[PDB]
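Structure 1 and structure 2 below are two forms of the same protein chain, each written out on its own as structure tokens.
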Structure 1
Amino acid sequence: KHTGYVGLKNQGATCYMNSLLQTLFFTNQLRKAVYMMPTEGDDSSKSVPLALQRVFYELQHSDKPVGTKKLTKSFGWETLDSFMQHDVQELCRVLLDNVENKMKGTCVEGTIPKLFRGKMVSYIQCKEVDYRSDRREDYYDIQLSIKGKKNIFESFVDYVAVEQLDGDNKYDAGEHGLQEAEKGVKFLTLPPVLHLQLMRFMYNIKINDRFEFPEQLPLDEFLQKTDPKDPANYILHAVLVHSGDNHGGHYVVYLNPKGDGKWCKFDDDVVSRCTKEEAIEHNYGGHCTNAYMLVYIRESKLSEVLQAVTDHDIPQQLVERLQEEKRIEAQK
């Protein structure tokens, strides 16, 4: 490390896990809140919140690559194929739901939805009658279509496009009977930290087409009502990348941890400084290396989301417990 940052060990076929864990570790406001969870009574192997606390501590203090085996055991993905049969956002949810639940009743209650939860409306509009129905939905991540899309702007256009409900899937309008209708989605809110998965793996082959994403992403036009006080501009924080064919692959994540455009590549135990071009354009696709997930941060939230974490931010009770474990282990 001429980077200051420590890598995670490759201990097994955990695919995207390591890339996702670094992305979460460098969500500093989330890291701090994780450090505050009351894990003192927890059981030292069945607790996912404790096991997340353990990995973050080590990523923050260790000079050697950090292990993840207690973490995987704690949420029960211990088989060759639990990673290959899930999406990256499904793992994230498994992680953030344990943590969110542990935070209930404490001073950090609500941190996870505060950081990751946005709101959208799904609406249905009949074409031959007055009935419209609008219903809100929460999301913690967005899955974007890429097949046939030059870029993120076009994936968003596609995402909010009007879908017809005619002939065979006519819409049931209740007292109005079956009807032709149009349906679509609009954002009401976009959260501070925006997780986008790129739908590159489809039923089971990989799509390697060129798909462009920018360092700065203006999303105002996809919101139902904009706010002149807080515009929906986002800054690219992480690029999770997969290289190779459908079957079998190499996994890296590029991050700019401090949000200043000084980029770093995290390839398991190796971490190196890289160029902006290597982190962004070189993963557009179109050798067969490319992004499958992106993390953007709302510009007006960047300072808070990436607030400096210090050693004092870890309560000593938790530091003592993790130390006693290193010492029990260190006895070979």
Structure 2
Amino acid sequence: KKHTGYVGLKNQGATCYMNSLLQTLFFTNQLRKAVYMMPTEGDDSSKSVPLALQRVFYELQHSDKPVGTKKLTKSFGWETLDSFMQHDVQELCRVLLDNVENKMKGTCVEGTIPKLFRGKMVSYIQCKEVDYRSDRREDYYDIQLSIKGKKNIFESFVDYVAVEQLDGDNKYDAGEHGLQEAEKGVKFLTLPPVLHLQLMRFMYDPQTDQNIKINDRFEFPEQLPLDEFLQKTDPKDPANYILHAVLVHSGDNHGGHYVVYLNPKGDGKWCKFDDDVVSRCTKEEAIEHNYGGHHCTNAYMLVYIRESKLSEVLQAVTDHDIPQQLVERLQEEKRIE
């Protein structure tokens, strides 16, 4: 890792978006710190996702060589192309974040995943004719944005919190209060320190009974203000977000080219992670070059960090953060391996 200071993951033909996601998660320093601190001494090295994740993260930080993922893929049972083909990227993220979240429960680092990744939203129904609502709170770890017909992220959030009028034919059934003229919608209460946006390029096609990739132009900013999509905003902490990672795909199928762009320290110093090969690149290469347009190349997932949280999220990782139990277990594995 001589040129950038960052090491690659081995090209695995069978794993598609995984390398891109693992880098993105590794560079979420506070998650990596939590993960290192997880107590995993009495686990099976084949089968535990936490332990496999510790290994990958450890090796990504310390190895001079491209890091392998086979024990990781083994641990969560996605050991073939087909597993990746049948899951959106956020579902893999959930497989990973969920395993480590619930292993952190009752530990010194409990509550770290939700503190980093969990925002809150309400799905509401509001009858305009009589005062009956149906406010429904709900946690989220990621947001799936519509890009079809949308110029940019801003327009996707507008659409995301757009008002559907429930009138005439499709009035809201209030059950005991009958049919009601209402408006349906979603409001954000909070946005987390680390904001995972998936761009919904893969859409079902009635004409061919299949998912197809939309390669249309869709713009995302380096700096993303989000106060206007919140219910109540905070004066001391505006929802101003900083672009941290761009997960990119070239082509129209799972055999295409998966890379990830990252500015790991949050300083606009961008790197391209193309499996084992990691190289410095321009902001333009990481950002505008991946807006897409009409086999070719665009973003399908973005990671933003809340600007007020950058120093927490991207806290430097120190030897303190890796317990010797962990250093030694991983040494002992390599001892046999």
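All residue numbers here refer to structure 1's sequence, counted from 1. The term rigid core refers to the most C-alpha atoms you can superpose between the two forms while keeping them within 1.5 Å.
- Candidate set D227, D138, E90, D166; criterion, C-alpha shift of 2 Å or more between the two structures after rigid-core fit; matching residue, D166.
- Superposition of the core reveals a Cα shift of less than 2 Å for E215 between the two structures.
- The Cα shift for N246 between the two structures, taken after rigid core superposition, is 2 angstroms or larger.
- Relative to the superposed core, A181 shifts its CA atom by 2 Å or more between the two structures.
- On the core-superposed pair, the CA position of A13 changes by 1.2 Å between the two structures.
- For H312, the CA shift between the two structures after superposing the rigid core equals 3.5 Å.
- When the rigid core is fitted, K150 shows a C-alpha shift of 0.4 Å between the two structures.
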